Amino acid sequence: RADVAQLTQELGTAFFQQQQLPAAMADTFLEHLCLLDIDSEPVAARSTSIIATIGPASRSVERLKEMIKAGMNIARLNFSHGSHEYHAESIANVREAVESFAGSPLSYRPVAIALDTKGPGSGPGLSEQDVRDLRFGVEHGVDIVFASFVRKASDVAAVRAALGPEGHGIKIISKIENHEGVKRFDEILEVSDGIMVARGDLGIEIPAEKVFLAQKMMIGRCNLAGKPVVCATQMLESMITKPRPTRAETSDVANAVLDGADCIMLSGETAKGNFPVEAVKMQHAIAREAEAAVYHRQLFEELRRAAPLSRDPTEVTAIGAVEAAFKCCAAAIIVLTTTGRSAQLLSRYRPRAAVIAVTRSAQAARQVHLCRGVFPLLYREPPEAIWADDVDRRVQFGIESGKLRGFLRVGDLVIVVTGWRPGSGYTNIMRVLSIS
């Protein structure tokens, strides 16, 4: 009580009853569970990204606008079905729906485009159709590749080579769908940007009753590595034909978030189902509840202890900033990033504070949706003559978008993370600012 008494008197008892704060402050995991409250409403913005598969049920520009408003962050194109012409039209429709909100830069929501490959099938490695589809992705500017049936590190090197010199910036998320992928997980994760727990094929390749062990192990190892992990397949399966999900389905979504997943995915629920927008809304609602129920007290202690000592200033600043944010219940951590890396290093410590990432890179703004709790703001202004003033303008842009989206209020504390010189790789400063 004395460790939260003055902040309780200051912020009020109502503040400490919302977002499962009594449960988050508990001394044991048992007490944390006992303190979970259905009347404790979530306050924070939803941090787990939603990946929606695009298909006949979610292809129209008007339908895509509704899905963006419902919470879709990443659009998945399943190259197991449809022609290149079909997928190019899907891409164009997504971009048209996304840019329809670009008129207001302080509220614009970027949406990443991910290409899910067909896979090797009976083959030993990269198929000829995969090579053509990967070149299509580079030519159409996709942000992410979900590489199907990755079984070893050489499979991801083949995908990287097929993307060529122009696709160096594309993120490769390896799909683990069989026993070999699970057994060679460490070598696959080392060369990948992230992982997808593809439970559909995984549940056929290994006994169905063992999939939860593979999911929890891979999420844990991705969290340890600080790399994005996606939980996928049959999350809200019954919503393909019904307006409401089963009790097992809502539980599954909540548990993927509690496990530590950065992203949650919808496949047939959005691609061919009768309720694509409702499926996105349901994942949004469950993820907000589940994020507030995360036991940050032990989680942060374990992430901190597991993370090795580092002499990289971005790594050092990131842990100092997350520690500072927890100390004052900071509403947000505003970070300036070029590639998204500084925001990713903040995200790996699982702060409760939203990580508002201000970037000039449209691709980085789309790709940071892979990292839990990163809210990208695309800055379109031309540079100031004085670099320090250009930095300050970018920080104020983050505060003003934060106030105009509800993340920040006057009186809040914010943590600002910047670097000492222009260019990527020099983040080294953490500032505590009071919102006026």
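Each residue number is its position in the shown sequence, starting from 1. Just so we're on the same page, rigid core means the largest C-alpha set that superposes within 1.5 Å between forms.
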Worksheet item: After a core fit, does 379-387 or 52-60 show the bigger CA gap to the shown form in 9 other deposited structures of this protein?
Response: 379-387
Worksheet, complete the sentence: Core superposition done, the stretch whose Cα atoms deviate more in 9 other deposited structures of this protein, picking from 103-111 and 221-229, is 103-111
Response to the item:
Entry B factor averaged over C-alpha atoms, 151-159 against 191-199: higher for 151-159
Worksheet entry | 221-229 set against 105-113, stretch whose average Cα temperature factor tops the other in the entry | 105-113
Discussion item. Take the CA temperature factors straight from the PDB entry and tell me which of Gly181, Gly82, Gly320, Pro243 peaks.
Written reply: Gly82
Response to the item:
The largest CA temperature factor among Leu30, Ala44, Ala385, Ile50 is found at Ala385
Worksheet item: In terms of the CA temperature factor given in the entry, to which third of its chain does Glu400 belong: lowest, middle or highest?
Response: highest
Worksheet item: Compared with the other modelled residues in the chain, in which third is the CA B-factor of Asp133?
Response: highest
Response to the item:
Quick tally, chain-level thirds of C-alpha B-factors: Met239 sits in the lowest
Item to complete: Determine, from the deposited record, the chain-internal third of the Cα B-factor for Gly260: lowest, middle or highest.
Response: lowest
Discussion item. Sorting by Cα B-factor within the chain, modelled residues only, which third would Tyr86 end up in: lowest, middle or highest?
Written reply: highest
